[PDB]
2 protein chains.
Amino acid sequence: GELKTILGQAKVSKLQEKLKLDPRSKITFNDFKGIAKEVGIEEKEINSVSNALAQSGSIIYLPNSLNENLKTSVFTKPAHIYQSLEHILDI
Amino acid sequence: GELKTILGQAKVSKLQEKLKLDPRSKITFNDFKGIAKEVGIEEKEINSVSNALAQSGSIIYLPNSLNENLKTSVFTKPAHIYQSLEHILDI
């Protein structure tokens, strides 16, 4: 199923590109779902895609957080957050 | 916790930026593992990180492919592959 795998991945790549163009750096998870649907990602796959993007460091999305804000927020440009955190904690 | 999750993700973000700057567009999984180790990702974590990067569309990695070339190859700049494939097949 190499062809099917690649073509589905291509949609998430488009999602990554669109989050890059978007000037927002923090959006709601509902906002994120809408952008994912714009590039053709099916509803039943959005949760899985959000998890893959978080584990790959492409977004920060912390649905298990008890902080009400982080729980429903998607950070779409997390490189700045990673770099800032390692700077201020000197690690 | 949120902080450990973010700092773990930061390593995979660093891996993505190393792969972007590497002149090669196709590397062995062995070489991929080595670059990941350079940024602190252990061999114990590599399979999960590669799954997340593949599902995110950040790499193409088809280890179960029967084509002997693809099964050990990591495509580190797949954006051009996605574009070409959708173009030549007209969706």
# chains A, B, ... in the order shown; residues from 1 in each chain; ligands from 1

call {"tool": "interface_residues", "arguments": {"of": "chain A", "to": "chain B", "cutoff": "9 Å", "atoms": "only C-alpha atoms", "output": "short mmCIF file (atom, residue, chain, number, x, y, z; two decimals) with C-alpha atoms, in the first residue's frame"}}
result
data_model
loop_
_atom_site.label_atom_id
_atom_site.label_comp_id
_atom_site.auth_asym_id
_atom_site.auth_seq_id
_atom_site.Cartn_x
_atom_site.Cartn_y
_atom_site.Cartn_z
CA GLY A 1 0.00 0.00 0.00
CA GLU A 2 2.91 2.35 -0.67
CA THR A 5 0.31 5.69 2.28
CA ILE A 6 2.11 8.45 0.39
CA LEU A 7 -1.06 10.12 -0.88
CA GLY A 8 -2.56 10.29 2.61
CA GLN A 9 0.68 11.66 4.05
CA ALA A 10 0.61 14.32 1.32
CA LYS A 11 -2.51 15.83 2.90
CA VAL A 12 -0.84 16.19 6.31
CA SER A 13 2.15 17.78 4.57
CA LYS A 14 -0.26 20.30 3.04
CA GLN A 16 1.85 21.61 7.81
CA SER A 48 -4.67 10.74 14.89
CA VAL A 49 -3.10 13.44 12.70
CA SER A 50 -2.91 15.90 15.60
CA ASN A 51 -1.11 13.28 17.67
CA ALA A 52 1.36 12.50 14.93
CA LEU A 53 2.09 16.21 14.44
CA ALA A 54 2.64 16.70 18.17
CA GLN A 55 4.95 13.71 18.54
CA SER A 56 6.96 14.93 15.56
CA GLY A 57 7.35 18.36 17.18
CA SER A 58 5.42 20.13 14.41
CA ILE A 59 2.76 21.40 16.85
CA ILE A 60 2.27 21.57 20.60
CA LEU A 62 -1.64 18.92 25.13
CA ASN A 64 -4.24 15.64 28.66
CA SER A 65 -3.35 18.91 30.40
CA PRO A 78 6.43 25.53 18.33
CA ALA A 79 10.09 25.96 17.29
CA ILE A 81 8.65 27.76 22.16
CA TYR A 82 11.25 24.97 22.18
CA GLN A 83 14.10 27.45 21.70
CA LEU A 85 12.26 27.11 26.88
CA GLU A 86 15.78 25.73 26.48
#

call {"tool": "select_by_dssp", "arguments": {"residues": "chain B", "states": "helix (DSSP H, G or I)", "output": "number ranges by chain"}}
result
B: 2-21, 29-38, 46-55, 68-71, 79-89

call {"tool": "closest_residue", "arguments": {"among": "B:4, B:44, B:71, B:77", "to": "residue 18 (chain B)", "atoms": "only C-alpha atoms"}}
result
B:77

call {"tool": "select_by_dssp", "arguments": {"residues": "region 7-66 of chain B", "states": "strand (DSSP E or B)", "output": "PDB file with C-alpha atoms, in the first residue's frame"}}
result
ATOM      1  CA  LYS B  26      17.345   9.860   0.637  1.00  0.00           C
ATOM      2  CA  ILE B  27      19.214   8.207   3.514  1.00  0.00           C
ATOM      3  CA  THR B  28      19.298   4.751   5.036  1.00  0.00           C
ATOM      4  CA  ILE B  60       8.479   8.878   3.642  1.00  0.00           C
ATOM      5  CA  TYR B  61       9.580   5.571   5.181  1.00  0.00           C
TER       6      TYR B  61
END

call {"tool": "atom_distance", "arguments": {"atom1": "CA of residue 75 (chain A)", "atom2": "CA of residue 23 (chain A)"}}
result
11.6 Å

call {"tool": "atom_distance", "arguments": {"atom1": "CA of residue 17 (chain B)", "atom2": "CA of residue 37 (chain B)"}}
result
13.8 Å

call {"tool": "atom_distance", "arguments": {"atom1": "CA of residue 25 (chain B)", "atom2": "CA of residue 72 (chain B)"}}
result
13.6 Å
